[PDB]
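Comments concern the structure below.
Please treat every number below as a calculation from the coordinates, not as lab data. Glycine also receives a Cβ, built like all others from the backbone with ideal geometry; neighbour counts cover every protein chain displayed.
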Amino acid sequence: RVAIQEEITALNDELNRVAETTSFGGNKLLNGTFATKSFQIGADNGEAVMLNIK
Amino acid sequence: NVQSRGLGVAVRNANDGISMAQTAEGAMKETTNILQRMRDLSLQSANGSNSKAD
């Protein structure tokens with residue numbers, strides 16, 4: 001179980017790392033700094049869609 | 001004869017008025033064109049995908 005715990009904490013750091021490395025060119029998709037962002041997908045203004053990545 | 005000469009000047013004056021009109025219309029086309037450009041890329045920045053540097 002001690003050896004297994006070392007594998008668990010190894011994968012545990014992996015889950016934390018992927019939450020901080022995935023960026024998409026300087027952003028932070030899964031860090032939680034990605035608040036509600038609206039994408040303007042209409043000819044005029046106002047008809048955007050919010051996307052949230054927890 | 002006075003009326004005939006006055007009409008000859010009149011078409012000259014009126015044509016001058018037309019030329020001033022199209023000269024303004026020449027810049028009219030461009031200011032509209034660049035304004036359309038202003039609207040296009042503001043919509044490009046109206047979304048949350050791009051970062052602050054963009």
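Summary of computed values
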item	result
Global size of the protein assembly as shown as Cα Rg and Dmax, reported in angstrom	31.8, 119
Centre separation in Å (Cα based) which lies between chain B and segment A:1-39	55 Å
Full-extension gain in nm, A:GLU14 to A:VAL49, via 0.36 nm per residue minus C-alpha separation	9.4 nm
Shielding of A:3-14 by partner chains, average beta-carbon count, 10 Å	0
Under 24 Å, Cα to Cα: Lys pairs in the protein assembly as shown, sequence gap 8 or more or different chains	6
Between helix B:2-45 and chain B: long-axis angle, C-alpha atoms, 0 to 90°, nearest 10	0 degrees
Between helix A:2-21 and chain A: long-axis angle, C-alpha atoms, 0 to 90°, nearest 10	20 degrees
Convex hull of chain B built on C-alpha atoms - directionally averaged projected area, nm²	4.6 nm²
The protein assembly as shown, dipole about Cα centre (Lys/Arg Cβ +1, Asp/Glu Cβ -1), debye to the nearest 20	480 debye
